[PDB]
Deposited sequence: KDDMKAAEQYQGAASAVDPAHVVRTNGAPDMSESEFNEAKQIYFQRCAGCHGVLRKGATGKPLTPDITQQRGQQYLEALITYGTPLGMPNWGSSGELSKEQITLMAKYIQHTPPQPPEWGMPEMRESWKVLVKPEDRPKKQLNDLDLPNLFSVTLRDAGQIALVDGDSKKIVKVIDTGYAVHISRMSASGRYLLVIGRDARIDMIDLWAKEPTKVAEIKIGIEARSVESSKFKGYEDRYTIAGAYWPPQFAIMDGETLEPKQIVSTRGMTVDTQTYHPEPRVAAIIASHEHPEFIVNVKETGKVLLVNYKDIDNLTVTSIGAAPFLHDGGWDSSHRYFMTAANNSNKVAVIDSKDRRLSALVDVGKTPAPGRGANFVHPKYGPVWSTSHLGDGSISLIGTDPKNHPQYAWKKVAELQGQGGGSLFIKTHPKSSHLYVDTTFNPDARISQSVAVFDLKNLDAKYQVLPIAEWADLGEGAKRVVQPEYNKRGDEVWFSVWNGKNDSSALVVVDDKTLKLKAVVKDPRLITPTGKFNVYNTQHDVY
């Protein structure tokens, strides 16, 4: 057991110094030792550190985000310097053992045990901390900090409006009961090594029946019981591509959305460019429909009518329209460079009719795609208009049926001021340019990167919440703006609020209000 220029020793040691890498350095440091937003563990940045320094750093840790014997550390040190490993296959045993039922279905209350205005609660992600903050929308006070998995990507609500599903990027799901005295974890499970999406069944006759979770590694998605989180089925997404029709060993599972028209899960499988329609009717025998879209599928959401899944194929610069009723690809609308909608933004255009919008990453723009074939067939599935935001590097854009301004964030732009503000449009005059809201400046944080991410409204549609994403150590905040006035309403600040990313309003998430 040898690499291209670092300590080489054999056997057994390879298998174990790497099983110790996937211990609690799997989700933190990556699958192929990548390491987004932190400093890399790629063979060369680490070989430069050395056989002496690496032992030291692993042994005492560091103060920005750091149990093992001297022998296991000497190991990890000579072995992170080695050729990159063979990522484990996470099957049913590994998944059924990680399954822990913290509270039984009968032990759980029949009705609410708190004064909490549940539909107006915010499930805020605390990335680097590996927890979620249950912030109140009126009092602007953190009601409860719950211990979850690492870097909770998204939070989904169980259609009923009772349970809160949260998934870590380390593939650890946690179910939370919002009806308990103090809302705490009632079930947990690890569905892979690295994941992104969790989702519950939301069709007519199944509200909360099954829970699905998509994984980045292994290329699979796992279906569970939507009450106890009991693994029932696991399906591999390894297969042939849509473009070149060739084999691909790692087609990652991206976004998932429950079909409201049929008993299915609409699963975005990235690299292959196939949107899977996973029928659950008969679960011990799965029926999957492989709808070819466009390569590199990513995020997206529902249109105004909950019929069309508007997904972004980012490295193809197209938006795929999935018809959830007729179960086919409606069109591959060509949009600008690297589209990134999140769930998207739905409003009613005066001169074009009901639309769905998306901000971009390579380009800027906000493409307006028509979502109505019945009353506006000449505009549906075309980039009819086009608006212009501050610049590239945009992740989300938001709107609400209650009132008027359209918000587009720009989290990853090199221009400091742009990456610390949002472009607010007025729908009642689209030819009018945006108003730059100094979100991060209003926060009064002082020093840091102060990146502005995700515009998330409250139930009522009067407030718009922002996350000022700043380093683990730096002062981070949540900025609340009044939609009608366009002025600052409040700033939620706290040291427990370590790296706030995604904020999910319970009602708005549950009823898909975007």
property	result
Ranges missing from the model, given as deposited sequence positions	1-22, 89-95
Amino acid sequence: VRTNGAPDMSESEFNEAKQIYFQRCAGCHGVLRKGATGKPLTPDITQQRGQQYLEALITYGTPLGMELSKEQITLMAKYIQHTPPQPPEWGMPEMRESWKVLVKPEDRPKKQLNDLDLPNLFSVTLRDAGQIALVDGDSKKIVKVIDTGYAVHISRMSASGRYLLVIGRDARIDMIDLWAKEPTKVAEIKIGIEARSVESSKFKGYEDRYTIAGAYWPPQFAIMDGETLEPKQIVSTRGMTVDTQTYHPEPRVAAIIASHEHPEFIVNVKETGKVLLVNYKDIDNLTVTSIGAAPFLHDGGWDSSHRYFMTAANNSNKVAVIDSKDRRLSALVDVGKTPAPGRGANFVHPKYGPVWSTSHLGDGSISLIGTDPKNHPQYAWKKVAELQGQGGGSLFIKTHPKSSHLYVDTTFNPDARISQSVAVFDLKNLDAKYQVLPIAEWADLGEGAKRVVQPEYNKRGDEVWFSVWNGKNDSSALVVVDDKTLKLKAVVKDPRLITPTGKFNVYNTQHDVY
From here on, numbers count along this sequence of modelled residues.
item	value
Entry-level comparison of average CA B-factors, 217-225 and 115-123, reporting the higher stretch	115-123
Residue stretch of maximal mean CA temperature factor, 359-367 vs 262-270	359-367
Deposited CA B-factor, highest of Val333, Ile142, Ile397, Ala385	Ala385
From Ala477, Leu54, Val481, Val453, residue of greatest CA B-factor	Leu54
Third of the chain, ranked by Cα B-factor, where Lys18 sits	highest
Where the record places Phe296 (Cα B-factor, split into thirds across the chain)	lowest
Lowest, middle or highest third - CA B-factor, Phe203	middle
Among modelled residues of the same chain, the CA temperature factor third for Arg172	middle
Chain-relative CA temperature factor third for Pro87	highest
